[PDB]
């Protein structure tokens, strides 16, 4: 099955580190933004998404707190890691079992897996994960209902679980802290 193929491929490694490039395309197909950064991901639930361009910022979850640090505005915002998917979709790359995909219909074409929300009332868009038969994640795409798509491609993949330390974010000096856990 497609869900089982996706999950078994994600399960081949407990984590990875990589650089990424990003391209955002309008519904018309026009490039709106290009960006880049780095990622560390350990399964389940742990992700450290570091954006270099165009908006330098850090998003990091230890499975309990989701932190958002933006250096330009000297701000740290706190969220429940329970509500990660509401805030960011990158947490999908940290899944590793078929029951994690209950909200979606899954389809496979080669290494490309498309996850479509089951309900039709959805405002959420579809997702795509490109992952090799050896379990190497090649890309991730977020497609809005109106056709706008943000595309992430991974390179320089280190197919090893990052240390737990990488996700234990400490609030730094010189920032305001906005608690959004309640």
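Residue numbers count along the first chain shown, from 1.
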With respect to the recorded C-alpha B factors, which stretch has the higher mean value, 116-124 or 35-43?
-> 116-124
Going by the entry, of stretches 149-157 and 23-31 the one with greater average Cα B-factor is 23-31
Identity of residue with top Cα B-factor, from 52, 70, 133, 144 = 144
Among 106, 98, 76, 91, single out the one with the highest C-alpha B factor in the record, please.
-> 98
For residue 4, the third of its chain by CA B-factor is the highest
Considering only modelled residues of the same chain, in which third does the CA B-factor of residue 163 rank: lowest, middle or highest?
-> middle
Chain-relative C-alpha B factor for residue 15 (record values, thirds): the lowest
